[PDB]
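Listing of coords.pdb, PDB, N, CA and C atoms
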ATOM      1  N   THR A 160     198.992 208.256 324.361
ATOM      2  CA  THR A 160     200.018 209.090 324.968
ATOM      3  C   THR A 160     200.194 210.338 324.116
ATOM      4  N   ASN A 161     200.207 211.500 324.758
ATOM      5  CA  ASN A 161     200.245 212.761 324.033
ATOM      6  C   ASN A 161     201.672 213.100 323.601
ATOM      7  N   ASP A 162     201.856 214.335 323.140
ATOM      8  CA  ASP A 162     203.193 214.852 322.877
ATOM      9  C   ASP A 162     203.942 215.106 324.181
ATOM     10  N   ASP A 163     203.214 215.385 325.261
ATOM     11  CA  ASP A 163     203.795 215.752 326.543
ATOM     12  C   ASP A 163     204.140 214.543 327.403
ATOM     13  N   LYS A 164     204.195 213.350 326.802
ATOM     14  CA  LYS A 164     204.527 212.073 327.443
ATOM     15  C   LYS A 164     203.574 211.703 328.578
ATOM     16  N   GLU A 165     202.368 212.258 328.590
ATOM     17  CA  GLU A 165     201.347 211.871 329.546
ATOM     18  C   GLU A 165     200.322 210.979 328.866
ATOM     19  N   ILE A 166     199.637 210.194 329.668
ATOM     20  CA  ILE A 166     198.768 209.153 329.144
ATOM     21  C   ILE A 166     197.320 209.611 329.266
ATOM     22  N   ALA A 167     196.475 209.111 328.369
ATOM     23  CA  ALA A 167     195.044 209.371 328.395
ATOM     24  C   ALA A 167     194.325 208.079 328.052
ATOM     25  N   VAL A 168     193.261 207.771 328.796
ATOM     26  CA  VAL A 168     192.620 206.466 328.731
ATOM     27  C   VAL A 168     191.186 206.541 328.219
ATOM     28  N   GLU A 169     190.422 207.554 328.617
ATOM     29  CA  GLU A 169     189.012 207.567 328.261
ATOM     30  C   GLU A 169     188.800 208.165 326.879
ATOM     31  N   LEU A 170     187.742 207.688 326.214
ATOM     32  CA  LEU A 170     187.444 208.108 324.848
ATOM     33  C   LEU A 170     187.077 209.583 324.788
ATOM     34  N   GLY A 171     186.385 210.082 325.811
ATOM     35  CA  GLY A 171     186.106 211.502 325.896
ATOM     36  C   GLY A 171     187.312 212.358 326.217
ATOM     37  N   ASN A 172     188.413 211.753 326.656
ATOM     38  CA  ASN A 172     189.636 212.493 326.930
ATOM     39  C   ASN A 172     190.701 212.297 325.867
ATOM     40  N   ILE A 173     190.728 211.132 325.219
ATOM     41  CA  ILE A 173     191.696 210.884 324.156
ATOM     42  C   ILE A 173     191.384 211.740 322.937
ATOM     43  N   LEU A 174     190.109 211.767 322.525
ATOM     44  CA  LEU A 174     189.701 212.539 321.353
ATOM     45  C   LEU A 174     189.910 214.031 321.553
ATOM     46  N   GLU A 175     189.840 214.500 322.796
ATOM     47  CA  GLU A 175     190.155 215.892 323.070
ATOM     48  C   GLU A 175     191.654 216.119 323.178
ATOM     49  N   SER A 176     192.401 215.121 323.656
ATOM     50  CA  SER A 176     193.853 215.257 323.705
ATOM     51  C   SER A 176     194.458 215.150 322.316
ATOM     52  N   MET A 177     193.905 214.268 321.483
ATOM     53  CA  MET A 177     194.373 214.134 320.111
ATOM     54  C   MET A 177     194.054 215.376 319.290
ATOM     55  N   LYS A 178     192.947 216.053 319.612
ATOM     56  CA  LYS A 178     192.581 217.278 318.913
ATOM     57  C   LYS A 178     193.584 218.386 319.190
ATOM     58  N   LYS A 179     194.099 218.447 320.417
ATOM     59  CA  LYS A 179     195.153 219.404 320.726
ATOM     60  C   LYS A 179     196.453 219.026 320.031
ATOM     61  N   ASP A 180     196.728 217.728 319.922
ATOM     62  CA  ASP A 180     198.018 217.286 319.411
ATOM     63  C   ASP A 180     198.116 217.440 317.901
ATOM     64  N   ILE A 181     197.044 217.104 317.179
ATOM     65  CA  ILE A 181     197.019 217.308 315.735
ATOM     66  C   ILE A 181     197.094 218.794 315.409
ATOM     67  N   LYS A 182     196.402 219.619 316.198
ATOM     68  CA  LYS A 182     196.511 221.065 316.060
ATOM     69  C   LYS A 182     197.921 221.552 316.359
ATOM     70  N   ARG A 183     198.603 220.864 317.267
ATOM     71  CA  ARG A 183     199.978 221.203 317.610
ATOM     72  C   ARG A 183     200.990 220.762 316.550
ATOM     73  N   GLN A 184     200.690 219.676 315.845
ATOM     74  CA  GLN A 184     201.599 219.173 314.821
ATOM     75  C   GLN A 184     201.479 219.941 313.516
ATOM     76  N   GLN A 185     200.308 220.509 313.228
ATOM     77  CA  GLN A 185     200.158 221.296 312.010
ATOM     78  C   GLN A 185     200.947 222.591 312.094
ATOM     79  N   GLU A 186     200.818 223.302 313.210
ATOM     80  CA  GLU A 186     201.501 224.576 313.362
ATOM     81  C   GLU A 186     203.001 224.404 313.527
ATOM     82  N   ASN A 187     203.457 223.236 313.974
ATOM     83  CA  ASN A 187     204.876 222.933 313.857
ATOM     84  C   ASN A 187     205.257 222.673 312.408
ATOM     85  N   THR A 188     204.395 221.972 311.669
ATOM     86  CA  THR A 188     204.707 221.602 310.295
ATOM     87  C   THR A 188     204.716 222.821 309.388
ATOM     88  N   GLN A 189     203.814 223.769 309.640
ATOM     89  CA  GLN A 189     203.800 224.996 308.858
ATOM     90  C   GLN A 189     205.037 225.839 309.123
ATOM     91  N   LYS A 190     205.563 225.798 310.348
ATOM     92  CA  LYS A 190     206.853 226.423 310.617
ATOM     93  C   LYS A 190     207.984 225.718 309.884
ATOM     94  N   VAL A 191     207.844 224.418 309.637
ATOM     95  CA  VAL A 191     208.868 223.696 308.893
ATOM     96  C   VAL A 191     208.792 224.041 307.415
ATOM     97  N   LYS A 192     207.595 223.919 306.828
ATOM     98  CA  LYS A 192     207.422 224.122 305.393
ATOM     99  C   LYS A 192     207.716 225.558 304.988
ATOM    100  N   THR A 193     207.487 226.504 305.898
ATOM    101  CA  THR A 193     207.900 227.882 305.667
ATOM    102  C   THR A 193     209.410 227.984 305.510
ATOM    103  N   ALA A 194     210.160 227.405 306.449
ATOM    104  CA  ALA A 194     211.614 227.521 306.420
ATOM    105  C   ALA A 194     212.225 226.726 305.278
ATOM    106  N   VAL A 195     211.577 225.638 304.866
ATOM    107  CA  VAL A 195     212.010 224.924 303.669
ATOM    108  C   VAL A 195     211.801 225.788 302.440
ATOM    109  N   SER A 196     210.580 226.294 302.269
ATOM    110  CA  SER A 196     210.257 227.092 301.097
ATOM    111  C   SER A 196     210.969 228.436 301.114
ATOM    112  N   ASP A 197     211.263 228.975 302.298
ATOM    113  CA  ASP A 197     212.121 230.154 302.370
ATOM    114  C   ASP A 197     213.527 229.815 301.906
ATOM    115  N   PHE A 198     213.991 228.605 302.212
ATOM    116  CA  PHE A 198     215.321 228.209 301.776
ATOM    117  C   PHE A 198     215.341 227.910 300.288
ATOM    118  N   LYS A 199     214.257 227.346 299.760
ATOM    119  CA  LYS A 199     214.207 227.077 298.332
ATOM    120  C   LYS A 199     214.053 228.362 297.540
ATOM    121  N   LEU A 200     213.067 229.176 297.895
ATOM    122  CA  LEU A 200     212.758 230.341 297.083
ATOM    123  C   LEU A 200     213.742 231.478 297.274
ATOM    124  N   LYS A 201     214.650 231.387 298.238
ATOM    125  CA  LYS A 201     215.771 232.310 298.217
ATOM    126  C   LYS A 201     216.809 231.853 297.209
ATOM    127  N   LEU A 202     216.864 230.550 296.944
ATOM    128  CA  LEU A 202     217.790 230.013 295.957
ATOM    129  C   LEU A 202     217.266 230.202 294.541
ATOM    130  N   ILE A 203     216.055 229.719 294.270
ATOM    131  CA  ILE A 203     215.546 229.776 292.906
ATOM    132  C   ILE A 203     214.878 231.115 292.611
ATOM    133  N   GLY A 204     214.269 231.748 293.597
ATOM    134  CA  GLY A 204     213.687 233.046 293.357
ATOM    135  C   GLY A 204     212.173 233.020 293.452
ATOM    136  N   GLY A 205     211.608 234.198 293.677
ATOM    137  CA  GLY A 205     210.174 234.328 293.807
ATOM    138  C   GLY A 205     209.784 235.008 295.097
ATOM    139  N   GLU A 206     208.522 234.883 295.490
ATOM    140  CA  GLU A 206     208.064 235.508 296.718
ATOM    141  C   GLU A 206     208.444 234.645 297.908
ATOM    142  N   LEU A 207     209.050 235.263 298.915
ATOM    143  CA  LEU A 207     209.380 234.563 300.148
ATOM    144  C   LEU A 207     208.144 234.494 301.040
ATOM    145  N   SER A 208     208.335 234.084 302.292
ATOM    146  CA  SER A 208     207.206 234.014 303.210
ATOM    147  C   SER A 208     206.776 235.394 303.680
ATOM    148  N   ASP A 209     207.720 236.323 303.821
ATOM    149  CA  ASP A 209     207.368 237.667 304.258
ATOM    150  C   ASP A 209     206.652 238.459 303.176
ATOM    151  N   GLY A 210     206.850 238.096 301.915
ATOM    152  CA  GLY A 210     206.364 238.864 300.790
ATOM    153  C   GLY A 210     207.460 239.497 299.970
ATOM    154  N   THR A 211     208.710 239.396 300.409
ATOM    155  CA  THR A 211     209.821 239.938 299.645
ATOM    156  C   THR A 211     210.082 239.059 298.435
ATOM    157  N   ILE A 212     210.039 239.652 297.247
ATOM    158  CA  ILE A 212     210.571 238.969 296.079
ATOM    159  C   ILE A 212     212.083 238.917 296.214
TER     160      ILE A 212
ATOM    161  N   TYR B  13     192.179 214.197 279.010
ATOM    162  CA  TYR B  13     193.434 214.121 279.757
ATOM    163  C   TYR B  13     194.682 213.770 278.921
ATOM    164  N   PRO B  14     194.844 214.382 277.723
ATOM    165  CA  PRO B  14     195.680 213.746 276.691
ATOM    166  C   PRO B  14     197.188 213.702 276.941
ATOM    167  N   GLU B  15     197.834 214.842 277.189
ATOM    168  CA  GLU B  15     199.293 214.903 277.213
ATOM    169  C   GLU B  15     199.759 216.197 277.856
ATOM    170  N   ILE B  16     200.552 216.097 278.921
ATOM    171  CA  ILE B  16     201.076 217.265 279.625
ATOM    172  C   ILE B  16     202.546 216.994 279.921
ATOM    173  N   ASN B  17     203.433 217.734 279.267
ATOM    174  CA  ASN B  17     204.877 217.546 279.385
ATOM    175  C   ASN B  17     205.428 218.680 280.241
ATOM    176  N   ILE B  18     205.409 218.497 281.566
ATOM    177  CA  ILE B  18     205.876 219.573 282.438
ATOM    178  C   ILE B  18     207.389 219.695 282.449
ATOM    179  N   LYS B  19     208.100 218.718 281.885
ATOM    180  CA  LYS B  19     209.523 218.886 281.627
ATOM    181  C   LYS B  19     209.762 220.032 280.655
ATOM    182  N   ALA B  20     208.879 220.188 279.668
ATOM    183  CA  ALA B  20     208.941 221.345 278.787
ATOM    184  C   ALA B  20     208.423 222.606 279.460
ATOM    185  N   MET B  21     207.695 222.466 280.560
ATOM    186  CA  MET B  21     207.040 223.578 281.232
ATOM    187  C   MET B  21     207.856 224.125 282.388
ATOM    188  N   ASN B  22     208.277 223.251 283.300
ATOM    189  CA  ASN B  22     209.050 223.694 284.450
ATOM    190  C   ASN B  22     210.437 224.160 284.044
ATOM    191  N   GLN B  23     210.923 223.729 282.884
ATOM    192  CA  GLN B  23     212.042 224.417 282.259
ATOM    193  C   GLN B  23     211.628 225.809 281.811
ATOM    194  N   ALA B  24     210.481 225.908 281.133
ATOM    195  CA  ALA B  24     210.045 227.179 280.567
ATOM    196  C   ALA B  24     209.669 228.182 281.642
ATOM    197  N   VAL B  25     209.159 227.713 282.780
ATOM    198  CA  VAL B  25     208.978 228.597 283.926
ATOM    199  C   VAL B  25     210.323 229.098 284.413
ATOM    200  N   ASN B  26     211.297 228.197 284.492
ATOM    201  CA  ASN B  26     212.582 228.544 285.077
ATOM    202  C   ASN B  26     213.373 229.459 284.154
ATOM    203  N   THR B  27     213.247 229.268 282.839
ATOM    204  CA  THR B  27     213.962 230.136 281.912
ATOM    205  C   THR B  27     213.376 231.538 281.878
ATOM    206  N   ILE B  28     212.065 231.671 282.075
ATOM    207  CA  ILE B  28     211.463 232.996 282.178
ATOM    208  C   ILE B  28     211.998 233.733 283.398
ATOM    209  N   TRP B  29     212.144 233.032 284.522
ATOM    210  CA  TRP B  29     212.838 233.638 285.649
ATOM    211  C   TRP B  29     214.309 233.845 285.336
ATOM    212  N   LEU B  30     214.903 232.946 284.550
ATOM    213  CA  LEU B  30     216.303 233.103 284.177
ATOM    214  C   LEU B  30     216.488 234.289 283.247
ATOM    215  N   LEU B  31     215.608 234.439 282.261
ATOM    216  CA  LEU B  31     215.730 235.566 281.352
ATOM    217  C   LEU B  31     215.258 236.872 281.968
ATOM    218  N   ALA B  32     214.585 236.823 283.115
ATOM    219  CA  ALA B  32     214.156 238.049 283.774
ATOM    220  C   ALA B  32     215.342 238.814 284.332
ATOM    221  N   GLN B  33     216.199 238.133 285.079
ATOM    222  CA  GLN B  33     217.380 238.774 285.622
ATOM    223  C   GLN B  33     218.435 239.009 284.551
ATOM    224  N   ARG B  34     218.416 238.213 283.483
ATOM    225  CA  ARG B  34     219.482 238.244 282.490
ATOM    226  C   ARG B  34     219.373 239.437 281.553
ATOM    227  N   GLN B  35     218.160 239.941 281.320
ATOM    228  CA  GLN B  35     217.919 240.888 280.235
ATOM    229  C   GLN B  35     218.619 242.218 280.476
ATOM    230  N   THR B  36     219.148 242.786 279.401
ATOM    231  CA  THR B  36     219.986 243.976 279.440
ATOM    232  C   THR B  36     219.437 245.031 278.499
ATOM    233  N   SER B  37     218.133 245.286 278.604
ATOM    234  CA  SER B  37     217.497 246.275 277.743
ATOM    235  C   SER B  37     217.960 247.686 278.061
ATOM    236  N   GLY B  38     218.232 247.975 279.328
ATOM    237  CA  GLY B  38     218.619 249.319 279.700
ATOM    238  C   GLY B  38     217.484 250.308 279.629
ATOM    239  N   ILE B  39     216.256 249.852 279.860
ATOM    240  CA  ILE B  39     215.087 250.712 279.840
ATOM    241  C   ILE B  39     214.269 250.370 281.080
ATOM    242  N   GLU B  40     213.406 251.295 281.475
ATOM    243  CA  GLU B  40     212.798 251.262 282.795
ATOM    244  C   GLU B  40     211.394 250.686 282.812
ATOM    245  N   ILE B  41     210.828 250.348 281.660
ATOM    246  CA  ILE B  41     209.444 249.914 281.577
ATOM    247  C   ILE B  41     209.336 248.448 281.181
ATOM    248  N   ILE B  42     210.232 247.976 280.313
ATOM    249  CA  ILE B  42     210.430 246.536 280.172
ATOM    250  C   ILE B  42     210.922 245.945 281.485
ATOM    251  N   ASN B  43     211.691 246.728 282.248
ATOM    252  CA  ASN B  43     212.223 246.282 283.527
ATOM    253  C   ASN B  43     211.117 246.024 284.547
ATOM    254  N   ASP B  44     209.954 246.660 284.397
ATOM    255  CA  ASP B  44     208.786 246.267 285.172
ATOM    256  C   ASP B  44     207.701 245.677 284.278
ATOM    257  N   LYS B  45     208.010 245.398 283.016
ATOM    258  CA  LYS B  45     207.173 244.448 282.300
ATOM    259  C   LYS B  45     207.535 243.026 282.681
ATOM    260  N   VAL B  46     208.824 242.710 282.632
ATOM    261  CA  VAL B  46     209.261 241.333 282.801
ATOM    262  C   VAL B  46     209.134 240.916 284.256
ATOM    263  N   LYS B  47     209.393 241.853 285.173
ATOM    264  CA  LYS B  47     209.295 241.582 286.604
ATOM    265  C   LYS B  47     207.880 241.193 287.004
ATOM    266  N   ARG B  48     206.884 241.791 286.362
ATOM    267  CA  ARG B  48     205.506 241.409 286.627
ATOM    268  C   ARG B  48     205.151 240.096 285.949
ATOM    269  N   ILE B  49     205.741 239.820 284.787
ATOM    270  CA  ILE B  49     205.503 238.545 284.122
ATOM    271  C   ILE B  49     206.158 237.418 284.894
ATOM    272  N   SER B  50     207.407 237.622 285.294
ATOM    273  CA  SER B  50     208.191 236.527 285.839
ATOM    274  C   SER B  50     207.749 236.176 287.251
ATOM    275  N   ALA B  51     207.362 237.177 288.043
ATOM    276  CA  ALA B  51     206.857 236.900 289.379
ATOM    277  C   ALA B  51     205.507 236.208 289.345
ATOM    278  N   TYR B  52     204.756 236.344 288.256
ATOM    279  CA  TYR B  52     203.590 235.493 288.067
ATOM    280  C   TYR B  52     204.000 234.055 287.810
ATOM    281  N   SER B  53     204.935 233.853 286.878
ATOM    282  CA  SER B  53     205.234 232.515 286.382
ATOM    283  C   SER B  53     205.897 231.658 287.447
ATOM    284  N   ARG B  54     206.742 232.265 288.281
ATOM    285  CA  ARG B  54     207.291 231.552 289.426
ATOM    286  C   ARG B  54     206.189 231.170 290.400
ATOM    287  N   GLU B  55     205.311 232.118 290.728
ATOM    288  CA  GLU B  55     204.163 231.805 291.566
ATOM    289  C   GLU B  55     203.180 230.886 290.869
ATOM    290  N   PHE B  56     203.185 230.859 289.541
ATOM    291  CA  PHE B  56     202.334 229.917 288.831
ATOM    292  C   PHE B  56     202.820 228.490 289.003
ATOM    293  N   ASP B  57     204.135 228.288 288.995
ATOM    294  CA  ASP B  57     204.668 226.947 289.188
ATOM    295  C   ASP B  57     204.462 226.485 290.621
ATOM    296  N   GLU B  58     204.630 227.397 291.582
ATOM    297  CA  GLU B  58     204.419 227.069 292.987
ATOM    298  C   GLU B  58     202.968 226.706 293.244
ATOM    299  N   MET B  59     202.049 227.522 292.731
ATOM    300  CA  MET B  59     200.640 227.313 293.007
ATOM    301  C   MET B  59     200.101 226.108 292.259
ATOM    302  N   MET B  60     200.754 225.699 291.173
ATOM    303  CA  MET B  60     200.336 224.458 290.542
ATOM    304  C   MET B  60     200.781 223.258 291.359
ATOM    305  N   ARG B  61     202.033 223.269 291.831
ATOM    306  CA  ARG B  61     202.530 222.186 292.676
ATOM    307  C   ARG B  61     201.767 222.108 293.987
TER     308      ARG B  61
END
Would it be possible to restate this file's structure as structure tokens?
Amino acid sequence: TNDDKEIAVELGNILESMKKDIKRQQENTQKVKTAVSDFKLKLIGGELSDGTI
Amino acid sequence: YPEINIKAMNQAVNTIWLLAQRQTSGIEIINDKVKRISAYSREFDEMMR
């Protein structure tokens, strides 16, 4: 079952659906880790995500 | 692989950033000496982690 709550049964379709989903979870996770590190490095200091010290 | 005390290090990274903003030299070239040093050391701790 994908992120979109739809089901996939065949091996040639699951491996392609999982490839979209793992690709979808990384770019969500990078949006998370950016906002975490933006929240940390605004507190402690250093380069933010935009490049602003 | 003998001995690495990052408690002595991640303090020392943080104090360099702490002493960067703290310094009161009143001169314009140490003010971009330390800023270039400290922005390395903060990024050094990040890039090590």
As a check of understanding: the span from atom N of residue 173 in chain A to atom C of residue 188 in chain A is 24.1 Å
So what does the ChimeraX specification (/B :<7) & /A actually pick up in this one, as an NGL selection string? :A and (204-206)
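Straight-line separation from atom C of residue 49 in chain B to atom C of residue 28 in chain B: 7.1 Å.
Counting from CA of residue 46 in chain B, the distance to atom C of residue 32 in chain B is 6.8 Å.
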From a backbone DSSP assignment, name each residue in range 17-58 of chain B labelled alpha helix (DSSP H), as a ChimeraX atom specification. /B:18-34,46-58
If you keep N, CA and C atoms, can you produce a file of those selected residues as an mmCIF file, in the coordinates of the input?
data_model
loop_
_atom_site.group_PDB
_atom_site.id
_atom_site.type_symbol
_atom_site.label_atom_id
_atom_site.label_comp_id
_atom_site.auth_asym_id
_atom_site.auth_seq_id
_atom_site.Cartn_x
_atom_site.Cartn_y
_atom_site.Cartn_z
ATOM 1 N N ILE B 18 205.409 218.497 281.566
ATOM 2 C CA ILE B 18 205.876 219.573 282.438
ATOM 3 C C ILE B 18 207.389 219.695 282.449
ATOM 4 N N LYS B 19 208.100 218.718 281.885
ATOM 5 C CA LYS B 19 209.523 218.886 281.627
ATOM 6 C C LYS B 19 209.762 220.032 280.655
ATOM 7 N N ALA B 20 208.879 220.188 279.668
ATOM 8 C CA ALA B 20 208.941 221.345 278.787
ATOM 9 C C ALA B 20 208.423 222.606 279.460
ATOM 10 N N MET B 21 207.695 222.466 280.560
ATOM 11 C CA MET B 21 207.040 223.578 281.232
ATOM 12 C C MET B 21 207.856 224.125 282.388
ATOM 13 N N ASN B 22 208.277 223.251 283.300
ATOM 14 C CA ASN B 22 209.050 223.694 284.450
ATOM 15 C C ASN B 22 210.437 224.160 284.044
ATOM 16 N N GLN B 23 210.923 223.729 282.884
ATOM 17 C CA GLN B 23 212.042 224.417 282.259
ATOM 18 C C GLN B 23 211.628 225.809 281.811
ATOM 19 N N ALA B 24 210.481 225.908 281.133
ATOM 20 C CA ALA B 24 210.045 227.179 280.567
ATOM 21 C C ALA B 24 209.669 228.182 281.642
ATOM 22 N N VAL B 25 209.159 227.713 282.780
ATOM 23 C CA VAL B 25 208.978 228.597 283.926
ATOM 24 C C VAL B 25 210.323 229.098 284.413
ATOM 25 N N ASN B 26 211.297 228.197 284.492
ATOM 26 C CA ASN B 26 212.582 228.544 285.077
ATOM 27 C C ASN B 26 213.373 229.459 284.154
ATOM 28 N N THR B 27 213.247 229.268 282.839
ATOM 29 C CA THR B 27 213.962 230.136 281.912
ATOM 30 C C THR B 27 213.376 231.538 281.878
ATOM 31 N N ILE B 28 212.065 231.671 282.075
ATOM 32 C CA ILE B 28 211.463 232.996 282.178
ATOM 33 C C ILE B 28 211.998 233.733 283.398
ATOM 34 N N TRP B 29 212.144 233.032 284.522
ATOM 35 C CA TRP B 29 212.838 233.638 285.649
ATOM 36 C C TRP B 29 214.309 233.845 285.336
ATOM 37 N N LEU B 30 214.903 232.946 284.550
ATOM 38 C CA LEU B 30 216.303 233.103 284.177
ATOM 39 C C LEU B 30 216.488 234.289 283.247
ATOM 40 N N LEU B 31 215.608 234.439 282.261
ATOM 41 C CA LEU B 31 215.730 235.566 281.352
ATOM 42 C C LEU B 31 215.258 236.872 281.968
ATOM 43 N N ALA B 32 214.585 236.823 283.115
ATOM 44 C CA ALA B 32 214.156 238.049 283.774
ATOM 45 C C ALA B 32 215.342 238.814 284.332
ATOM 46 N N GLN B 33 216.199 238.133 285.079
ATOM 47 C CA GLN B 33 217.380 238.774 285.622
ATOM 48 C C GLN B 33 218.435 239.009 284.551
ATOM 49 N N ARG B 34 218.416 238.213 283.483
ATOM 50 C CA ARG B 34 219.482 238.244 282.490
ATOM 51 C C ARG B 34 219.373 239.437 281.553
ATOM 52 N N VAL B 46 208.824 242.710 282.632
ATOM 53 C CA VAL B 46 209.261 241.333 282.801
ATOM 54 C C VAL B 46 209.134 240.916 284.256
ATOM 55 N N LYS B 47 209.393 241.853 285.173
ATOM 56 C CA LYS B 47 209.295 241.582 286.604
ATOM 57 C C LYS B 47 207.880 241.193 287.004
ATOM 58 N N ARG B 48 206.884 241.791 286.362
ATOM 59 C CA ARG B 48 205.506 241.409 286.627
ATOM 60 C C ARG B 48 205.151 240.096 285.949
ATOM 61 N N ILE B 49 205.741 239.820 284.787
ATOM 62 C CA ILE B 49 205.503 238.545 284.122
ATOM 63 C C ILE B 49 206.158 237.418 284.894
ATOM 64 N N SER B 50 207.407 237.622 285.294
ATOM 65 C CA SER B 50 208.191 236.527 285.839
ATOM 66 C C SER B 50 207.749 236.176 287.251
ATOM 67 N N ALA B 51 207.362 237.177 288.043
ATOM 68 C CA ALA B 51 206.857 236.900 289.379
ATOM 69 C C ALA B 51 205.507 236.208 289.345
ATOM 70 N N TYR B 52 204.756 236.344 288.256
ATOM 71 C CA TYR B 52 203.590 235.493 288.067
ATOM 72 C C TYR B 52 204.000 234.055 287.810
ATOM 73 N N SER B 53 204.935 233.853 286.878
ATOM 74 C CA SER B 53 205.234 232.515 286.382
ATOM 75 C C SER B 53 205.897 231.658 287.447
ATOM 76 N N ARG B 54 206.742 232.265 288.281
ATOM 77 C CA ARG B 54 207.291 231.552 289.426
ATOM 78 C C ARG B 54 206.189 231.170 290.400
ATOM 79 N N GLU B 55 205.311 232.118 290.728
ATOM 80 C CA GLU B 55 204.163 231.805 291.566
ATOM 81 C C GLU B 55 203.180 230.886 290.869
ATOM 82 N N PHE B 56 203.185 230.859 289.541
ATOM 83 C CA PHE B 56 202.334 229.917 288.831
ATOM 84 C C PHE B 56 202.820 228.490 289.003
ATOM 85 N N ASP B 57 204.135 228.288 288.995
ATOM 86 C CA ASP B 57 204.668 226.947 289.188
ATOM 87 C C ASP B 57 204.462 226.485 290.621
ATOM 88 N N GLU B 58 204.630 227.397 291.582
ATOM 89 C CA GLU B 58 204.419 227.069 292.987
ATOM 90 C C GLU B 58 202.968 226.706 293.244
#
Find the axis-aligned box for range 22-34 of chain B, covering all its listed atoms and adding 3 Å on each side, and write its centre and edge lengths in Å to one decimal as lines of an AutoDock Vina configuration file.
center_x = 213.9
center_y = 231.3
center_z = 283.1
size_x = 17.2
size_y = 22.2
size_z = 11.1
